[PDB]
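What follows are structure tokens for two forms of the same protein chain, given separately as structure 1 and structure 2.
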Structure 1
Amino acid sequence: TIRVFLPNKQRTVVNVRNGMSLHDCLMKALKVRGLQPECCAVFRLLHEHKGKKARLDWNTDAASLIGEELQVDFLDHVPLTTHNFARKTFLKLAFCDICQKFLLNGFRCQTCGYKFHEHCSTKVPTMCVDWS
């Protein structure tokens, strides 16, 4: 097995089959957490003073990393972050971005502007997309 730390204070433990790349081991774990491998990179955690982690190719055989501890992190300057929800009364006519129904008293992300009902909160995408 290999312990892999994932973005946003998450983690998972994957089984090691010889020949299976790191991409194929972490594909399901990333998709379930609303993450894409195209925006991430896998690192091998070092345990010294000079450097915390070393980048690995997504096609690296996971069998060559048994006994190590991996960490998946976002690439540099990716337009992904966490939402910042806040209560809002929509005086101007607004509709929920999930069910396309009338939204009078709901919630809104102060960054991306995602507006939704209370009972629609689970269907909101996990990652906040901000392209300025």
Structure 2
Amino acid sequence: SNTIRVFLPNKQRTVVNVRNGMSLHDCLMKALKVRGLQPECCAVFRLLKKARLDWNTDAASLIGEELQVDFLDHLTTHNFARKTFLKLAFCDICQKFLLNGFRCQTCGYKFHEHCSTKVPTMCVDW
């Protein structure tokens, strides 16, 4: 099979299909995008104890291998908390009136409870 096991950040994993001529940076874009990640914010290894690979590496050069994608040095995960906004605030998703909702103190993202799944997956500023 033309498959590669790839371990993604935030304790996630996928199994990508490989086409001859296709790149590694392009083969893992979909899996990284649907998880709120960017490849140029990440460095891809190949497990051996890991060997760093360049993002332009041919995806056929590692068929049957197990890779891992990690963050560079110098954030992730939100810390949601119930907050009732006295200062006039609106949601960050639907931009409508928000008085009783939730907010992550780390990111400052404010939203309604029914507006929870449209919050970006990754969180900045730790």
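Only residues modelled in both forms are compared. Throughout, residue numbering runs from 1 along the sequence of structure 1. The term rigid core refers to the most C-alpha atoms you can superpose between the two forms while keeping them within 1.5 Å.
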item: Core-aligned CA displacement of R17 at least 2 Å between structure 1 and structure 2; value: yes
item: Distance the CA of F95 travels between structure 1 and structure 2 [rigid core superposed, Å]; value: 0.6
item: Core-aligned CA shift between structure 1 and structure 2 for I66 (Å); value: 2.7
item: Core-referenced Cα shift (Å), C112, between structure 1 and structure 2; value: 1.3
item: Mobile segments between structure 1 and structure 2 [3+ consecutive residues, each C-alpha shifted 2 angstroms or more, core superposed]; value: 16-21, 62-64, 66-68, 129-131
